[PDB]
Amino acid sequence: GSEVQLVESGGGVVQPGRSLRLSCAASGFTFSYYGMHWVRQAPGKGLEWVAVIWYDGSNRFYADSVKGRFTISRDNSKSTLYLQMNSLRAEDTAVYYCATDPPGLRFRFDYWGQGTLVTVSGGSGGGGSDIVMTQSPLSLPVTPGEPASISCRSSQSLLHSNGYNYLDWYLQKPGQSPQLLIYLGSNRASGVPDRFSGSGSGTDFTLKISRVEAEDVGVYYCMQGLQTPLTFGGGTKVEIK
């Protein structure tokens, strides 16, 4: 678990309209069992999902803003993920992270890479069916040792007939890449201390920290993994008062 390594390369400064190919070299796990994602973050902004590719290459989905211009592919014999970006626009400027997705149970970003920066010098889409995630509050000043709770509502029920709630929480510590905190509504990820706990169902979810430590500071995002496009909340900034 600790030995999973994802290392993005290929980022740089390019002109609008040019092409760029991102690479992500994965080690430490059976790469060919995992679906792979690209997720990006424009400077100072939240997380936006880009594309997914099935563990075997057979299936791919793209966010609408990259549809046609980007292509996701993979070489399982080199354990490498690729993003071919064409017709770059200024709005494509971002840090690009690759993330793993474990077999089954639809979508999850359970290990993240470091990002490459690409510099090109929350809506429901055109038809309204994209799931919108709204988080509260925007910032939450907290005193060390006292509890914290933050909430996330979604425009559509994330409860399935399975009985599963396809909601995750992700933590981005200051200056770090994001990390999985809670998956499927209420399950802690490996290593997440037991003072974190997620609850809720259907459309209303909350994350609670029983006693906030200074190492818990960051931006917390919710995310639905029920269907594509995968969508994040705006994020909640937890800081020391």
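Residue positions are given as counts along the sequence shown, with the first one as 1.
Checking chain continuity here. Are there deposited residues lacking coordinates between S121 and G122, and if so is it 1 to 3, 4 to 9, or 10 or more (or none)?
Count of unmodelled residues in between: 4 to 9.
Taking the recorded C-alpha temperature factors, which stretch has the higher mean, 99-107 or 130-138?
It is 130-138 that shows the higher mean C-alpha B-factor.
On average, which has the higher Cα B-factor in the deposited entry, 206-214 or 39-47?
For C-alpha atoms only, the mean B-factor is higher in 206-214.
For the CA B factor values reported in this entry, which option in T143, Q114, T80, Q84 has the top one?
Comparing C-alpha B-factors across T143, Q114, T80, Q84, the maximum falls on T143.
Which is it among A94, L167, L88, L171: the one with the largest CA B-factor in the entry?
In this record, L88 carries the highest C-alpha B-factor of the candidates.
Based on the entry's values, in what third of the chain does the Cα temperature factor of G11 lie: lowest, middle or highest?
Its C-alpha B-factor, which the entry lists for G11, ranks in the highest third among residues of this chain.
Thinking about Cα B factors across the chain, which third does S65 belong to?
Highest third - that is where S65 ends up once the chain's C-alpha B-factors are sorted.
Grab the CA temperature factor for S186 from the record and place it in the lowest, middle or highest third of its chain.
It falls in the middle third of the chain.
What third of its chain, lowest, middle or highest, does the C-alpha temperature factor of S201 fall into?
It falls in the top third of the chain.
Compare the C-alpha B factor of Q179 with those of the other modelled residues in its chain, then answer lowest, middle or highest third.
For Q179, whose C-alpha B-factor we compare with every modelled residue in the chain, the answer is the lowest third.
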